[PDB]
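My questions will all concern the structure given below.
Side-chain atoms are counted along with the backbone in the values below, which use heavy atoms only and exclude waters and symmetry mates. In the text below, chain A, chain B and the rest are named by the order of the sequence lines, each starting its count at 1.
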Amino acid sequence: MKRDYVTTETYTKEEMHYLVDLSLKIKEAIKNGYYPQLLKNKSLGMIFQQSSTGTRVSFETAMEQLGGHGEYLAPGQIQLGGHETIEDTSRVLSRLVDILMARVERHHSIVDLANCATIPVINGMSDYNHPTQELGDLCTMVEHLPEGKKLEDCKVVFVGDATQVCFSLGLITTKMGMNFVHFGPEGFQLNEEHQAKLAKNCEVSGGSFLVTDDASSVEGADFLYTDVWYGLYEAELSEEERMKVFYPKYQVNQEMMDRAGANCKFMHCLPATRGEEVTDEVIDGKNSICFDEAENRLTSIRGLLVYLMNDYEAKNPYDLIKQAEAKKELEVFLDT
Amino acid sequence: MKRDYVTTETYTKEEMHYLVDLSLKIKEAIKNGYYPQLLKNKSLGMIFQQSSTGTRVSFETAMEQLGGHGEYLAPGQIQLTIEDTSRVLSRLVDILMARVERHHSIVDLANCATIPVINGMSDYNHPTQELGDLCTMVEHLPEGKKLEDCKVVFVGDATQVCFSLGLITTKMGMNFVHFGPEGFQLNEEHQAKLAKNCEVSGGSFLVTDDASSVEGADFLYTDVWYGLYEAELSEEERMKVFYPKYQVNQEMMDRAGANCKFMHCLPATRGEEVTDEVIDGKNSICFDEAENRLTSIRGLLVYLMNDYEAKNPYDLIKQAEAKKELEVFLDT
Amino acid sequence: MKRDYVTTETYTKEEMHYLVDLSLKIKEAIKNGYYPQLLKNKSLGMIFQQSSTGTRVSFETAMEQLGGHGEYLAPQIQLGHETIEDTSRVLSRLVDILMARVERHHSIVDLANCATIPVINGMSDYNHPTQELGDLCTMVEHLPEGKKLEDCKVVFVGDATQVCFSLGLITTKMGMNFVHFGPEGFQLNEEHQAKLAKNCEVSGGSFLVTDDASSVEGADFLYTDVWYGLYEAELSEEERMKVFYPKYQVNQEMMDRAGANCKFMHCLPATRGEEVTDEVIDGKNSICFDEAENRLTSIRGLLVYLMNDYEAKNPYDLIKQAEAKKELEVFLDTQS
Ligand SMILES: N[C@@H](CCCNC(=O)CP(=O)(O)O)C(=O)O
Ligand SMILES: N[C@@H](CCCNC(=O)CP(=O)(O)O)C(=O)O
Ligand SMILES: N[C@@H](CCCNC(=O)CP(=O)(O)O)C(=O)O
Ligand code: NI
């Protein structure tokens, strides 16, 4: 028996709070030079169907810091297209590593992997969502709360394209009872299915959501968040096309930040295209927190790995009598 | 001085029994949550000239579990003179494995390296598969039968895995059959090596295209039909040679016997060498077999490194002196 | 605050002696089976823009031996769409130390300038400083009977490769006598020679760049490298034979002309039958495989030095460490 981390839709507000608290406590230990060896001798399979810097390095570093090891399985090493291949691969890998992550081209691949594997599976980004980004961004907002405001009192505005990161930000903010806005142009907004999921979250949490092309919607934002304009890895929009759609209205510049408010913080999942979605002035300015945010990709990944492996061990406990017997038998064999 | 693991031809029945016993004891420790740190701070160079999932992940995981680390050197990263590469790597890692296109490459690597070398599969044999398969057969012995009483039938192409299965089964005193079509059977040189094994072990071997040869099998084993990595047989060509006679289906399993277990080294081509019904059925053990790739690799790594240390022992007086000198240097 | 290792030009003779002594003491500990865990739980990002065997394996092995881990990044992470500043800031939050083998020297200079963690040059088109330290360790271990380091003559034969220049830089820094024996159009240039001259004004060493075959006479170490030039733009076999063969082939005649006790060095890989003959590279006076081993020797010393420097400049607060450890333990004991 295992638990997966494919979407925050299967996690409650209270569970997300626990993950944040766990992640931040591990962070404070490591920041002061204590590395808790919570994944000693454990192996993570890391399946990447696309390129990655932040996610890949975070997983590999996290495993080392916690006493285990991450194995990088590059694009083309593992095919996740067809159910039959995915079932066989899942069953082989489940016997060979303790935990799995995958960054996939199509969301059904990560859903299928999690369904077939008997070990925990983590979504490292798909075309649909990006749940490790969600947890990292939540950690970051908690660390940068406005003076005298609670999390649920905050307004978070995503500017631009309806990327998987846009949707994921909507999912986590509404799950935590916050106020979310997607400020984006017609034809590039979160769709009806996206909005129904955000509505369902708000019906439980007391938060709110709005999807609009009204420029005034940035006003009062505590966090202003953006992402690239070129769309999906496999099928990018050209420079000329994306400028036509988004520029200059959706460029996060100092004017937009000032319209949001003097204390509004700037966030971006990275990598950023400077001179497009954001200007140098904003991303390098005093109210940019996007490099703290990048660090918190590692923060959240450490907490997730520990949570999922602790869950696995609680559901599949070791028998300490048989452990002692097995250790003694091995030692006797190697001595005699 | 070192020892290598290039072929089971250089290992006795007693040595293979020791490797099985070591592998299974490590397995039982880890299964119950004790990870023996027998390779602490040791580095394994992993040279892959061809793709791999099972072998590669097994080596990398094994090193982590035992307290060391495996370095994945992907296809094209290391050109394989072989003498120069061997001498360089021998100074930079503690142990080496390689999956190679041509068997002479692994023989040359082992000859030139001054550290232990493990064959991760060649065009000739696949000795880590042999040990894993042996572990699996031991764990799944038929009720009231000894290993040497068992019959193992390989169906289909004369792959390096086919030959390797022949080598290990005959080495352990078992009864081996290659059921395959004319032009795709184990050759005269293969059979002479199997005969030599049987003269020592009291086992037997048979190579035949007679469909009745599966009868009485305790283990029925198969592999893909598309041949070597660098020169695959097309779908049309391989179906013409092997289908349907050599497809392991439920009819063939029933002909072998109600209790016959199904094995496959993986990956499998469902609908060719084996049907979904068989590979997913109650008598399939091929996923236990896949797990035992890691089982056997852990045992091999420990055996070879223990052997290396016995032949090249550490001087504890010089160790103590070196430690003190380093500590004084870093303090002062 | 950090220190980098991009060029030995920023290191004094006394600092290079310290690195040699540290490297050799770690070597003697490991040789006798004591692995000092000086980089426990630390992560090294290894950026390779080009192929490598010796350098790559040395870094990955060194990290394991010292209790940490090296992450191999293939042309996964590009130095492109995202600026060097942005990539440097992201990686600085995710690993503890960085190395890179780069096509163009400015890339490693920029990475070092922008990163807030130590950066090591794993070879560029300009220099190869880890090779320098490994070669120095090797010369120290193989000093001629009754000679001091500064009494030795080192002759590099052939093309003016980055290894040629680097050998010039380290030998002149240590007060030795350096010669580049190479043909017109393939010699160290005026800028190279000005840097060697500056080193010699401080050290009392000497340098010479010449196409005179008699310049090998009296050499204690004779060093060579391949003839095919840079990774991205190799010289053909026909072209390079025309330039270098047979005059610059290191054969037994040349070794005898240098001296009966002259040792042969080569950074590897070698093209047998071109720059060197089988007889020389496999002969009794070849030390190039000890030299190859000392790539690992020197890399271990460098990693320890740079991380010790980093920790001295950024010390852990032991009171806050104790508090963070306690809070984590309480959280894991009491919460769920
Ligand atoms: N919408 C963007 C999201 C990238 C998020 N970035 C990360 O996760 C950091 P990484 O890619 O370096 O791991 C896209 O589809 O590319
Ligand atoms: N005859 C087959 C044997 C494959 C063996 N499989 C394994 O070792 C599992 P892996 O390739 O994932 O490591 C062939 O030549 O392809
Ligand atoms: N002039 C040579 C220098 C190679 C140095 N070799 C090494 O550093 C060993 P490696 O490449 O295996 O890491 C060139 O430009 O290729
Ligand atoms: Ni690794």
Side-chain angles (χ1 to χ4, degrees), chain B residues 325 329, chain C residues 8 11-25 27-28 31 129-144 146-147 149-158 163-182 188 196-210 212-225 250-252 254-268 276 280-283 285-295 297-298 301:
Chain B
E325 289 199 357
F329 183 85
Chain C
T8 58
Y11 285 77
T12 64
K13 180 178 175 175
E14 292 67 36
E15 292 174 317
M16 296 308 300
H17 270 149
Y18 176 90
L19 286 172
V20 170
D21 290 345
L22 178 54
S23 297
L24 295 182
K25 291 187 191 303
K27 181 182 182 181
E28 185 67 20
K31 181 181 179 185
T130 64
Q131 186 76 57
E132 287 179 47
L133 181 58
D135 293 339
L136 181 54
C137 286
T138 305
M139 289 182 294
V140 170
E141 289 178 319
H142 289 278
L143 278 178
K147 280 192 194 185
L149 197 57
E150 32 281 290
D151 296 321
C152 292
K153 180 175 178 184
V154 177
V155 179
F156 184 98
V157 180
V163 170
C164 174
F165 180 50
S166 265
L167 189 64
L169 284 177
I170 193 61
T171 55
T172 57
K173 174 61 57 61
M174 304 305 293
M176 312 172 67
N177 304 281
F178 178 76
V179 176
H180 180 201
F181 171 47
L188 289 177
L196 297 185
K198 197 172 65 100
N199 278 190
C200 291
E201 286 162 12
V202 175
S203 73
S206 70
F207 80 96
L208 175 59
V209 184
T210 179
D212 185 336
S214 71
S215 66
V216 306
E217 294 174 11
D220 301 287
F221 301 97
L222 200 65
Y223 198 121
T224 199
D225 193 0
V250 181
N251 49 28
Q252 194 55 230
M254 187 180 289
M255 292 293 287
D256 293 345
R257 187 168 192 177
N261 296 324
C262 186
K263 303 298 192 197
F264 172 78
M265 296 176 81
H266 193 306
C267 53
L268 305 181
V276 67
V280 174
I281 192 167
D282 294 327
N285 282 337
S286 176
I287 63 177
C288 67
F289 298 108
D290 286 354
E291 184 183 0
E293 182 175 7
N294 282 334
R295 296 297 312 283
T297 301
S298 53

Q. Under a 4.5 Å cut-off applied to non-hydrogen side-chain atoms, are C:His17 and C:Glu14 in contact?
A.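 No, side chains not in contact.
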(Q) If I take atom OG1 from residue C:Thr130 and atom CG from residue C:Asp135, how far apart are they, to the nearest 0.5 angstrom? (A)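 The OG1 atom of C:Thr130 sits 9.0 Å away from the CG atom of C:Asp135.
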Q) Side-chain contact, heavy-atom cut-off 4.5 Å: C:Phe289 with C:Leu268? A)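 Side chain of C:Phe289 against side chain of C:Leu268, heavy atoms only: contact under 4.5 Å found.
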Q | Side chain proximity check, C:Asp225 to C:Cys164, heavy atoms < 4.5 angstrom | A |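 A side-chain contact under 4.5 Å is absent here.
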Q: Drop me the distance from C:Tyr11's OH to C:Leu19's CG, to the nearest 0.5 angstrom.
A: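 Answer rounded to 0.5 Å: 6.5 Å.
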Q: Determine, stepwise, if the pair C:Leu143 / C:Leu149 fulfils side chain to side chain contact (heavy atoms under 4.5 Å, CB included).
A: CA-CA 7 Å; C:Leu143 278 178; C:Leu149 197 57; 3.9 Å; yes
Q. Quick one: does C:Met139's side chain get under 4.5 Å of C:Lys263's, heavy atoms only?
A.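 C:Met139 does not reach C:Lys263 side chain to side chain.
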Q. Do C:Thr224 and C:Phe264 touch side chain to side chain, with heavy atoms closer than 4.5 Å?
A.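 Yes; the side chains approach each other to less than 4.5 Å.
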Q: Supply the atom-to-atom distance C:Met255 CE to C:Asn285 CG, rounded to the nearest 0.5 angstrom.
A: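 Here the rounded value is 5.5 Å.
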Q) Charged N to carboxylate O under 4.0 angstrom, C:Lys13 versus C:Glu150? A)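 So C:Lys13 pairs with C:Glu150 through a salt bridge.
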**Q.** CG on C:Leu169 to CE on C:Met16, rounded to 0.5 Å
**A.**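 So the gap between those two atoms works out to 10.5 Å.
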Q) So, for C:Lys153 and C:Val216, which heavy atoms are closest and what is the spacing to 0.1 Å? A)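 Heavy-atom minimum between the residues: NZ-C, 4.5 Å.
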Q) Is C:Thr297 close to C:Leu24 at the side-chain level, that is, under 4.5 Å between some pair of heavy atoms? A)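 Touching, per the 4.5 Å side-chain cut-off.
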(Q) For C:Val155 versus C:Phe181, what's the shortest heavy-atom pair and its separation? (A)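 Answer, listing the atom of C:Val155 first, then C:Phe181: CG1-CB, 4.2 Å.
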Q. Would you say C:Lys27's side chain and C:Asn294's backbone share a donor-acceptor pair under 3.5 angstrom?
A.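 No; judged by distance alone, with no hydrogens or angles, the pair does not exist.
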Q. Would you say C:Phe178 and C:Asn199 make side-chain contact, with heavy atoms under 4.5 Å?
A.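 When only atoms from C-beta onward are counted, C:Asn199 and C:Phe178 do not touch, as no gap falls below 4.5 Å.
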Q) What is the distance from atom SG of C:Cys200 to atom NZ of C:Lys173, rounded to the nearest 0.5 Å? A)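 Between atom SG of C:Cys200 and atom NZ of C:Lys173 there are 11.0 Å.
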Q: Locate the shortest heavy-atom distance separating C:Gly301 from C:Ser23; write the atom from each residue and the value.
A: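 Of all heavy-atom pairs spanning C:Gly301 and C:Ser23, the closest is CA-OG, 3.3 Å.
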Q) Is a side-chain donor or acceptor of C:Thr171 paired with a backbone partner of C:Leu167 at a separation under 3.5 angstrom? A)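 Looks like yes, one N/O pair under 3.5 Å.
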Q | Close side-chain approach of C:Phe221 and C:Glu291, heavy atoms under 4.5 Å | A |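 Answer no - side chains too far apart.
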Q: Identify the heavy atoms of C:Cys152 and C:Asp220 that sit nearest to each other, and give their distance.
A: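 Closest pair (atom of C:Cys152, atom of C:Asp220, distance): CA-OD2, 3.3 Å.
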**Q.** Shortest non-hydrogen separation from C:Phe165 to C:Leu196 and the atoms involved
**A.**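 C:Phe165 and C:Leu196 have their closest heavy atoms at CE1-CD2, 4.3 Å.
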Q) Has the side chain of C:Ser206 got a donor or acceptor atom that lies under 3.5 Å from a matching backbone atom of C:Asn177? A)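 Judged by distance alone, no pair lies under 3.5 Å.
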**Q.** Ion pair C:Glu293/C:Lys31, N-O distance below 4.0 Å
**A.**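 No.
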(Q) Regarding C:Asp290 and C:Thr138, do their side chains bring together a donor and an acceptor under 3.5 Å, going by distance alone? (A)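 Their side chains do not contain a donor-acceptor pair, so the 3.5 Å distance test is not met.
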Q. Where is the tightest heavy-atom contact between C:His180 and C:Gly158, given as atom of each residue plus distance?
A.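 Closest heavy-atom pair between C:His180 and C:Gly158: NE2-O, 2.8 Å.
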Q | Spacing of OG belonging to C:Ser166 relative to CD belonging to C:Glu132, to within rounding of 0.5 Å | A |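 That separation rounds to 3.5 Å.
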(Q) For a side chain to side chain contact (heavy atoms under 4.5 Å, CB included) check, start with the C-alpha distance between C:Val20 and C:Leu133, then their side-chain angles and the critical distance, and finish with the verdict. (A) CA-CA 7 Å; C:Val20 170; C:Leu133 181 58; 3.9 Å; yes
